[PDB]
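One structure below.
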Amino acid sequence: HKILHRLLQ
Amino acid sequence: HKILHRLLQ
Amino acid sequence: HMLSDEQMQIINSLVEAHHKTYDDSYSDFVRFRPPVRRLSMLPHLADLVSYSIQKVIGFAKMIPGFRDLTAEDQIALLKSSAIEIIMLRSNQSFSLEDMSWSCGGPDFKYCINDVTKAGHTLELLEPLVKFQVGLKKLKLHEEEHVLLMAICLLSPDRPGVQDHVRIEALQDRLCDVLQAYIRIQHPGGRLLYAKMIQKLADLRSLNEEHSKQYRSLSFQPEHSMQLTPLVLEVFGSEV
Amino acid sequence: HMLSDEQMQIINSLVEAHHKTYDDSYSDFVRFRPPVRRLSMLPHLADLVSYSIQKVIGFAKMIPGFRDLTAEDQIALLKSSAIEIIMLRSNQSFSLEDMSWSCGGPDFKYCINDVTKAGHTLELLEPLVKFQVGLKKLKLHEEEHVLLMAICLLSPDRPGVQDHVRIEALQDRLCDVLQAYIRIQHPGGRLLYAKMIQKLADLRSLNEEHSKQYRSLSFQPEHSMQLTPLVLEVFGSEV
Ligand SMILES: C=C1/C(=C\C=C(/CCC)c2cccc(CCCCCC(C)(C)O)c2)C[C@@H](O)C[C@@H]1O
Ligand SMILES: C=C1/C(=C\C=C(/CCC)c2cccc(CCCCCC(C)(C)O)c2)C[C@@H](O)C[C@@H]1O
């Protein structure tokens with residue numbers, strides 16, 4: 001879940 | 001490589 | 001009786017969050033792969049949903065309490081509830097007049113048949129529109145619409161959640177706010193809260209049906225290649 | 001002397017393959033995420049390249065001998081050579097007059113600065129344009145342009161290739177066709193074949209530089225999410 005993690009800061 | 005495999009039939 | 005300060009600022013920051021993450025002009029839609037009317041509509045609706053996932057994350061990050069959860073629980077809640085938040089937020093563009101989602105012009109007016117051209121069937125779409133009509137007929141306040149999405153987001157009965165006690169607590173506090181709002185600020189809302197909770201149950205079966213048809217879609221490479229990395233990640237089965 | 005039947009039908013089926021997979025009207029570009037002028041051009045150029053990858057696979061499938069290779073070698077050749085075939089085929093839209101790629105109208109006219117807005121730098125782009133100018137100055141025949149791409153595709157010195165004997169054999173037969181074509185059908189092509197082989201070496205260092213900057217791009221989730229599944233798979237490091 002690389003994307004989601006980044007988007008959640 | 002699921003996509004590539006499909007595209008190469 | 002009346003609402004407390006704390007319930008008030010929960011409402012305030014929630015409404016503010018929806019405004020920051022929902023554009024009523026739908027001006028970003030021109031940035032998507034254009035709509036085409038096999039599965040001609042899939043690229044556009046995939047771009048549309050991906051965009052919407054991003055907006056849902058923005059909203060969730062501003063729900064009081066969500067940020068304090070573990071990253072894992074944040075993901076687990078986001079992964080399971082996303083499509084329901086999408087369905088919930090999409091009511092704002094749904095029109096009872098033509099049974100469609102109107103999003104700026106005729107290119108972005110979406111009828112049921114358009115979604116059919118995205119790989120989905122009537123087994124999903126007819127309870128979907130059925131859901132949208134009933135929800136629209138409730139004529140929710142902006143406070144109630146925004147609370148409902150936050151209620152749904154913080155549901156503790158999702159696959160993958162760990163701290164089901166802390167998440168049930170946040171949701172309960174949110175529910176308290178809603179019950180109080182309807183009682184105090186919604187005339188003739190004597191039964192509205194019950195109807196809203198029922199709408200959450202409908203979303204669960206809508207979620208299930210979509211997940212089935214998406215799983216069909218995602219297993220075919222010629223179709224999954226038309227999705228976006230974000231969509232694949234959020235709706236994907238990785239842990 | 002002259003060309004044999006077999007060399008002739010290799011040329012025929014190759015030229016036919018390029019025609020089937022290259023649209024001189026560039027009419028499919030309206031289906032991409034529109035160009036925007038941080039990294040505003042990335043969605044469009046990612047859609048553009050992904051589309052191009054698909055076309056390269058179509059071309060490769062019609063190269064005589066490629067289909068008979070193992071699926072693994074087919075992938076290994078396709079993965080390593082893709083971006084070079086893209087660079088090779090893109091010469092058809094490159095103009096010496098404005099040092100840009102003109103692809104239909106002003107929206108799809110791409111100058112160097114546009115690619116800068118896709119996450120790439122002058123360390124890639126200035127040898128790129130340098131390469132495009134030299135290649136265009138050769139004024140290749142359609143037969144020579146199409147042979148060169150097939151030469152490049154069947155290069156045996158790629159990471160991952162297994163049957164380096166069978167692939168070197170197909171490439172050598174293709175090279176024989178080219179040498180013969182220039183000698184017989186290209187007046188004043190006394191030195192052209194040497195120049196063309198050199199252009200393959202340039203692609204290798206262009207490939208390397210792109211792979212570095214792409215690896216930078218792909219490691220940042222906010223950027224990698226703007227790519228396509230196909231791009232991520234082909235340029236990705238999975239085995
Ligand atoms: C996404 C939004 C809008 C419409 C949404 C809609 C209505 C139709 C455009 C919708 C919502 C949820 C599910 C569905 C069904 C299709 C599922 C998505 C397709 C994939 C991801 C491939 O399975 C449609 C339009 C605006 O209201 C913004 C809102 O966020
Ligand atoms: C792709 C094509 C065209 C232009 C290509 C071009 C010229 C510029 C549009 C190009 C080609 C190879 C590499 C580059 C550099 C950017 C790399 C791609 C970006 C990613 C994948 C994120 O790294 C540009 C346009 C037409 O000639 C069709 C042709 O297939």
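Going through the structure tokens in order, the chains are called A, B, and so on, while each chain numbers its residues from 1 and the ligands are numbered from 1 in the order shown.
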Practice item. Using only C-alpha atoms and all ligand atoms, find each residue with an atom at most 7 Å away from ligand 1 and format the answer as a PyMOL selection string. Key: chain C and resi 42+45-46+48-49+52+83+86-87+89-94+101+103+110+115+118-120+210+214+227+231
Using only C-alpha atoms, which chain C residues lie at most 12 Å away from chain A, written as a compact mmCIF listing (two decimals) with N, CA, C and O atoms, in the first residue's frame?
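Dumped everything to iface_2.txt:
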# COMPACT_ATOMS: atom_id res chain seq x y z
N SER C 50 -10.74 7.01 -9.20
CA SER C 50 -9.41 7.24 -8.63
C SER C 50 -9.31 8.63 -8.03
O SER C 50 -8.87 8.80 -6.89
N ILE C 53 -11.26 8.66 -4.89
CA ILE C 53 -10.54 8.02 -3.79
C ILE C 53 -9.64 9.03 -3.09
O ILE C 53 -9.61 9.10 -1.85
N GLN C 54 -8.92 9.82 -3.88
CA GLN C 54 -8.03 10.85 -3.36
C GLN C 54 -8.80 11.85 -2.49
O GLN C 54 -8.33 12.26 -1.43
N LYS C 55 -9.98 12.23 -2.96
CA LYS C 55 -10.81 13.20 -2.25
C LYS C 55 -11.35 12.61 -0.95
O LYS C 55 -11.51 13.32 0.04
N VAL C 56 -11.62 11.31 -0.96
CA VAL C 56 -12.13 10.62 0.22
C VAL C 56 -11.05 10.55 1.30
O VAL C 56 -11.34 10.67 2.49
N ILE C 57 -9.80 10.37 0.87
CA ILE C 57 -8.67 10.35 1.80
C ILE C 57 -8.51 11.71 2.46
O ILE C 57 -8.26 11.80 3.67
N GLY C 58 -8.65 12.77 1.67
CA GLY C 58 -8.60 14.12 2.18
C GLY C 58 -9.66 14.37 3.24
O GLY C 58 -9.36 14.91 4.30
N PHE C 59 -10.88 13.95 2.94
CA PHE C 59 -12.00 14.07 3.88
C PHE C 59 -11.73 13.30 5.17
O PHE C 59 -11.88 13.83 6.27
N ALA C 60 -11.31 12.04 5.02
CA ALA C 60 -11.05 11.16 6.16
C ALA C 60 -9.97 11.72 7.08
O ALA C 60 -10.07 11.62 8.30
N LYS C 61 -8.95 12.33 6.49
CA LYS C 61 -7.84 12.90 7.26
C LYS C 61 -8.30 14.04 8.16
O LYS C 61 -7.60 14.41 9.10
N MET C 62 -9.48 14.59 7.88
CA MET C 62 -10.00 15.71 8.65
C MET C 62 -11.12 15.31 9.59
O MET C 62 -11.58 16.12 10.40
N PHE C 66 -9.65 10.32 13.28
CA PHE C 66 -9.12 9.43 12.26
C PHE C 66 -7.59 9.48 12.19
O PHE C 66 -6.93 8.46 12.06
N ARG C 67 -7.05 10.69 12.27
CA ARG C 67 -5.61 10.91 12.15
C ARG C 67 -4.84 10.25 13.30
O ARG C 67 -3.66 9.93 13.15
N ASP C 68 -5.51 10.06 14.43
CA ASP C 68 -4.87 9.51 15.61
C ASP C 68 -4.80 7.98 15.58
O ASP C 68 -4.06 7.37 16.35
N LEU C 69 -5.58 7.38 14.69
CA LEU C 69 -5.55 5.93 14.50
C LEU C 69 -4.20 5.50 13.92
O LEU C 69 -3.45 6.33 13.40
N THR C 70 -3.90 4.21 14.01
CA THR C 70 -2.71 3.67 13.38
C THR C 70 -2.87 3.76 11.87
O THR C 70 -3.99 3.78 11.36
N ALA C 71 -1.75 3.80 11.15
CA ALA C 71 -1.77 3.87 9.70
C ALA C 71 -2.47 2.65 9.12
O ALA C 71 -3.17 2.74 8.11
N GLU C 72 -2.29 1.51 9.77
CA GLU C 72 -2.89 0.25 9.34
C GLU C 72 -4.41 0.33 9.38
O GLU C 72 -5.08 0.01 8.40
N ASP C 73 -4.95 0.76 10.52
CA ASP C 73 -6.39 0.91 10.68
C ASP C 73 -6.94 1.97 9.73
O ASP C 73 -8.04 1.83 9.20
N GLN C 74 -6.16 3.03 9.52
CA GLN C 74 -6.54 4.08 8.58
C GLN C 74 -6.72 3.50 7.19
O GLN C 74 -7.68 3.83 6.49
N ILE C 75 -5.79 2.65 6.79
CA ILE C 75 -5.86 1.98 5.49
C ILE C 75 -7.02 1.00 5.44
O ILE C 75 -7.81 1.01 4.50
N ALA C 76 -7.13 0.17 6.48
CA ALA C 76 -8.16 -0.86 6.54
C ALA C 76 -9.57 -0.28 6.45
O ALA C 76 -10.45 -0.85 5.81
N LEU C 77 -9.78 0.86 7.11
CA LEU C 77 -11.06 1.55 7.04
C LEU C 77 -11.25 2.17 5.65
O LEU C 77 -12.34 2.10 5.09
N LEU C 78 -10.19 2.76 5.12
CA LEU C 78 -10.24 3.41 3.82
C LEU C 78 -10.48 2.41 2.69
O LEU C 78 -11.25 2.68 1.77
N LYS C 79 -9.82 1.26 2.77
CA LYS C 79 -9.94 0.24 1.73
C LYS C 79 -11.35 -0.33 1.65
O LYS C 79 -11.91 -0.48 0.56
N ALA C 82 -14.24 2.82 1.07
CA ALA C 82 -14.05 3.76 -0.05
C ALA C 82 -15.25 3.83 -0.99
O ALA C 82 -15.88 4.88 -1.11
N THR C 228 -6.24 2.56 -12.64
CA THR C 228 -5.14 3.37 -12.15
C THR C 228 -4.47 2.66 -10.99
O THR C 228 -5.11 1.85 -10.31
N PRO C 229 -3.17 2.94 -10.76
CA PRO C 229 -2.45 2.39 -9.61
C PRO C 229 -3.21 2.54 -8.29
O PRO C 229 -3.25 1.59 -7.50
N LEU C 230 -3.81 3.70 -8.05
CA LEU C 230 -4.54 3.94 -6.82
C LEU C 230 -5.77 3.03 -6.69
O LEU C 230 -6.01 2.45 -5.64
N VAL C 231 -6.54 2.93 -7.77
CA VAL C 231 -7.72 2.08 -7.79
C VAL C 231 -7.34 0.63 -7.52
O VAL C 231 -7.95 -0.04 -6.68
N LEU C 232 -6.32 0.16 -8.22
CA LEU C 232 -5.83 -1.21 -8.07
C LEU C 232 -5.38 -1.50 -6.64
O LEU C 232 -5.57 -2.60 -6.13
N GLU C 233 -4.77 -0.50 -6.00
CA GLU C 233 -4.26 -0.66 -4.65
C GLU C 233 -5.38 -0.67 -3.61
O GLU C 233 -5.39 -1.51 -2.71
N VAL C 234 -6.33 0.25 -3.76
CA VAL C 234 -7.41 0.41 -2.78
C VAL C 234 -8.43 -0.72 -2.86
O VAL C 234 -8.91 -1.22 -1.84
N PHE C 235 -8.76 -1.14 -4.08
CA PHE C 235 -9.75 -2.20 -4.27
C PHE C 235 -9.09 -3.57 -4.35
O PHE C 235 -9.77 -4.60 -4.42
N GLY C 236 -7.76 -3.59 -4.33
CA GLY C 236 -7.00 -4.83 -4.41
C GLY C 236 -6.94 -5.61 -3.11
O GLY C 236 -7.22 -5.07 -2.04
N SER C 237 -6.56 -6.88 -3.20
CA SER C 237 -6.68 -7.80 -2.07
C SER C 237 -5.42 -7.95 -1.22
O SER C 237 -5.35 -8.82 -0.36
N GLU C 238 -4.41 -7.10 -1.46
CA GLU C 238 -3.17 -7.18 -0.70
C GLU C 238 -3.37 -6.74 0.75
O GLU C 238 -4.24 -5.92 1.04
N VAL C 239 -2.57 -7.28 1.66
CA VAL C 239 -2.69 -6.94 3.08
C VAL C 239 -1.50 -6.12 3.56
O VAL C 239 -1.66 -5.17 4.33
Point to revise | Every residue of region 86-238 of chain D that DSSP places in strand (DSSP E), as an MDAnalysis selection string | key: chainID D and resid 94:95 100:102 109:110
Write out, as a PDB file, in the first residue's frame, the residues just selected, with N, CA and C atoms.
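So out_28.pdb came out as:
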ATOM      1  N   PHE D  94       9.131  13.740 -35.379  1.00  0.00           N
ATOM      2  CA  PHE D  94      10.118  14.758 -35.045  1.00  0.00           C
ATOM      3  C   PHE D  94      10.373  15.678 -36.232  1.00  0.00           C
ATOM      4  N   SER D  95      10.430  16.977 -35.966  1.00  0.00           N
ATOM      5  CA  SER D  95      10.680  17.958 -37.013  1.00  0.00           C
ATOM      6  C   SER D  95      11.962  18.736 -36.741  1.00  0.00           C
ATOM      7  N   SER D 100      10.998  19.560 -32.416  1.00  0.00           N
ATOM      8  CA  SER D 100       9.922  19.033 -31.587  1.00  0.00           C
ATOM      9  C   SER D 100       9.196  17.866 -32.247  1.00  0.00           C
ATOM     10  N   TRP D 101       8.350  17.200 -31.468  1.00  0.00           N
ATOM     11  CA  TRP D 101       7.489  16.144 -31.983  1.00  0.00           C
ATOM     12  C   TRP D 101       6.096  16.706 -32.266  1.00  0.00           C
ATOM     13  N   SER D 102       5.732  16.790 -33.542  1.00  0.00           N
ATOM     14  CA  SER D 102       4.419  17.307 -33.928  1.00  0.00           C
ATOM     15  C   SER D 102       3.441  16.166 -34.199  1.00  0.00           C
ATOM     16  N   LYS D 109       1.792  18.997 -30.032  1.00  0.00           N
ATOM     17  CA  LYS D 109       3.145  19.379 -30.412  1.00  0.00           C
ATOM     18  C   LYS D 109       3.997  19.401 -29.152  1.00  0.00           C
ATOM     19  N   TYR D 110       4.990  18.522 -29.093  1.00  0.00           N
ATOM     20  CA  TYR D 110       5.784  18.371 -27.883  1.00  0.00           C
ATOM     21  C   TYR D 110       7.198  18.901 -28.055  1.00  0.00           C
TER      22      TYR D 110
END
Exercise for review: Pull out every residue of chain D that has at least one atom within 6 Å of chain C, counting only C-alpha atoms, and report them as a list in words.
Suggested key: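 Selected residues: residues 31, 32, 33, 34, 225 and 229 of chain D.
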Exercise for review: From the DSSP assignment of the backbone, select every residue of region 29-236 of chain D that is helix (DSSP H, G or I), and format the answer as number ranges by chain.
Suggested key: D: 29-31, 42-60, 66-68, 71-92, 112-116, 122-136, 142-153, 164-185, 192-219, 221-224, 229-234
Practice item. Kindly give the distance, in Å, that separates CA of residue 140 (chain C) and CA of residue 108 (chain C), rounded to a single decimal. Key: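 It comes out at 24.2 Å.
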Quick one: residues within 12 Å of residue 146 (chain C), only C-alpha atoms counted, chain neighbours fewer than 3 positions away excluded, as a compact mmCIF listing (two decimals) with N, CA and C atoms, in the first residue's frame?
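Below you can see selection.txt, which holds the result:
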# COMPACT_ATOMS: atom_id res chain seq x y z
N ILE C 10 -17.24 19.52 15.83
CA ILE C 10 -17.19 18.28 15.06
C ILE C 10 -17.96 18.48 13.78
N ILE C 11 -19.14 19.09 13.89
CA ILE C 11 -19.94 19.42 12.71
C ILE C 11 -19.20 20.41 11.81
N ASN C 12 -18.66 21.46 12.42
CA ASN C 12 -17.97 22.51 11.69
C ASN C 12 -16.80 22.01 10.87
N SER C 13 -15.92 21.24 11.50
CA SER C 13 -14.72 20.75 10.84
C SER C 13 -15.04 19.67 9.80
N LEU C 14 -16.19 19.02 9.96
CA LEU C 14 -16.63 18.01 9.00
C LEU C 14 -17.18 18.66 7.74
N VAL C 15 -18.05 19.65 7.91
CA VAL C 15 -18.62 20.39 6.79
C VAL C 15 -17.52 21.11 6.01
N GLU C 16 -16.56 21.67 6.73
CA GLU C 16 -15.42 22.35 6.12
C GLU C 16 -14.59 21.37 5.29
N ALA C 17 -14.48 20.14 5.78
CA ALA C 17 -13.69 19.11 5.11
C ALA C 17 -14.34 18.66 3.80
N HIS C 18 -15.66 18.58 3.79
CA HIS C 18 -16.39 18.19 2.59
C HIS C 18 -16.28 19.27 1.52
N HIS C 19 -16.28 20.52 1.96
CA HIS C 19 -16.14 21.65 1.05
C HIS C 19 -14.75 21.70 0.42
N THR C 21 -12.94 19.13 -0.26
CA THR C 21 -12.68 17.93 -1.05
C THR C 21 -13.80 17.59 -2.04
N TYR C 22 -14.77 18.49 -2.20
CA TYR C 22 -15.81 18.29 -3.20
C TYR C 22 -16.04 19.55 -4.03
N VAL C 56 -11.62 11.31 -0.96
CA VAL C 56 -12.13 10.62 0.22
C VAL C 56 -11.05 10.55 1.30
N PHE C 59 -10.88 13.95 2.94
CA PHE C 59 -12.00 14.07 3.88
C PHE C 59 -11.73 13.30 5.17
N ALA C 60 -11.31 12.04 5.02
CA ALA C 60 -11.05 11.16 6.16
C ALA C 60 -9.97 11.72 7.08
N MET C 62 -9.48 14.59 7.88
CA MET C 62 -10.00 15.71 8.65
C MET C 62 -11.12 15.31 9.59
N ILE C 63 -11.58 14.06 9.49
CA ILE C 63 -12.52 13.52 10.46
C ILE C 63 -11.83 13.47 11.82
N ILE C 85 -18.27 5.45 0.37
CA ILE C 85 -18.13 6.89 0.49
C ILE C 85 -18.31 7.53 -0.88
N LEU C 88 -21.90 7.44 -1.52
CA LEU C 88 -22.53 8.43 -0.66
C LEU C 88 -22.33 9.85 -1.18
N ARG C 89 -21.10 10.19 -1.55
CA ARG C 89 -20.80 11.54 -1.99
C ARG C 89 -21.40 11.82 -3.37
N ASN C 91 -24.21 11.26 -4.45
CA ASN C 91 -25.62 11.65 -4.39
C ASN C 91 -25.80 13.13 -4.69
N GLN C 92 -24.75 13.90 -4.46
CA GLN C 92 -24.76 15.35 -4.66
C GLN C 92 -24.94 15.73 -6.13
N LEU C 140 -31.38 15.35 2.85
CA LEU C 140 -30.49 15.56 3.99
C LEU C 140 -29.94 16.98 4.05
N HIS C 141 -29.68 17.45 5.26
CA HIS C 141 -28.92 18.68 5.45
C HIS C 141 -27.47 18.40 5.12
N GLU C 142 -26.70 19.46 4.88
CA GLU C 142 -25.29 19.30 4.60
C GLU C 142 -24.57 18.70 5.80
N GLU C 143 -25.08 19.00 6.99
CA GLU C 143 -24.54 18.45 8.22
C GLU C 143 -24.80 16.95 8.32
N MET C 149 -21.30 10.17 5.99
CA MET C 149 -20.07 9.70 5.36
C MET C 149 -19.01 9.37 6.41
N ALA C 150 -18.97 10.18 7.47
CA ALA C 150 -18.02 9.97 8.55
C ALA C 150 -18.43 8.79 9.43
N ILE C 151 -19.73 8.59 9.58
CA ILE C 151 -20.25 7.40 10.27
C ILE C 151 -19.77 6.16 9.54
N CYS C 152 -20.02 6.15 8.23
CA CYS C 152 -19.67 5.03 7.36
C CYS C 152 -18.17 4.75 7.38
N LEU C 153 -17.37 5.81 7.32
CA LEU C 153 -15.92 5.69 7.31
C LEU C 153 -15.41 4.97 8.56
N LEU C 174 -19.73 10.24 16.87
CA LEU C 174 -20.25 10.81 15.64
C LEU C 174 -21.76 10.59 15.52
N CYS C 175 -22.21 9.39 15.88
CA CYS C 175 -23.63 9.06 15.86
C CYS C 175 -24.43 9.92 16.84
N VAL C 177 -23.71 12.93 17.71
CA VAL C 177 -23.82 14.23 17.06
C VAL C 177 -24.99 14.25 16.09
N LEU C 178 -25.11 13.19 15.30
CA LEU C 178 -26.17 13.09 14.30
C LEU C 178 -27.56 13.03 14.93
N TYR C 181 -28.38 16.36 16.17
CA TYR C 181 -28.62 17.35 15.13
C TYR C 181 -30.04 17.25 14.58
N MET C 196 -31.50 6.71 7.94
CA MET C 196 -30.10 6.92 7.58
C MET C 196 -29.23 5.71 7.93
